[PDB]
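To start, the structure itself, in structure tokens.
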Ligand SMILES: *[C@@H]1O[C@H](CO)[C@@H](O)[C@H](O)[C@H]1NC(C)=O
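Chains as they are written, first to last, in the numbering used here: chain B, 1 to 50; chain X, 51 to 99.
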């Protein structure tokens with residue numbers, strides 16, 4: 001009936017949640033964002049952003 | 051205002067530089083780049099014997 005038989009088919013979707021962090025961003029000659037670093041993961045990144 | 055050679059992305063428009071002022075704009079009608087840089091500064095000098 002309207003509630004039992006149906007075909008789903010293969011798909012899979014990923015869901016995440018965000019968090020207020022600080023980022024360091026690398027823009028290029030086109031101004032397009034080309035790279036980033038999360039300087040709250042490791043000391044070496046902290047050095048980078050400072 | 052001066053005509054530009056800059057190439058914005060289709061949604062981009064500010065003139066934010068190292069100091070983040072304005073040296074770029076897009077005509078809301080012709081959608082072309084107009085660099086902004088004022089006509090002034092300041093320095094003074096009188097020479098006398
Ligand atoms: C954008 O990048 C390309 C790389 O193929 C380069 O040829 C072009 O000069 C760049 N545009 C700007 C805005 O300088």
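Just so it is clear, CB atoms sit at the ideal spot from N, CA and C, and this is done for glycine as well.
Annotation: residue 15/B to residue 24/B spans about 24 Å, alpha carbon to alpha carbon. Taking non-hydrogen atoms of ligand 1 into account, the C-beta of residue 82/X is found less than 6 Å away from none of them. For residue 47/B, the enclosing alpha helix (DSSP H) has its first and last residue at 43-49.
As computed with DSSP, residue 13/B is found in no beta bridge at all.
For residue 40/B, the CB contacts under 8 Å within the same chain, skipping 5 residues up- and downstream, are 21, 22 and 46 in chain order. Placement of the Cβ of residue 30/B at a distance of less than 6 Å from at least one heavy atom of ligand 1 is found.
Going by DSSP, residue 33/B is part of the beta strand (DSSP E) stretching over 33-37. Annotated three-state conformation of residue 53/X is strand, per DSSP.
For residue 57/X, the shortest separation between its Cβ and any heavy atom of ligand 1 lies below 6 Å. Remark: C-beta atoms of residue 84/X and residue 75/X approach each other more closely than 7 Å.
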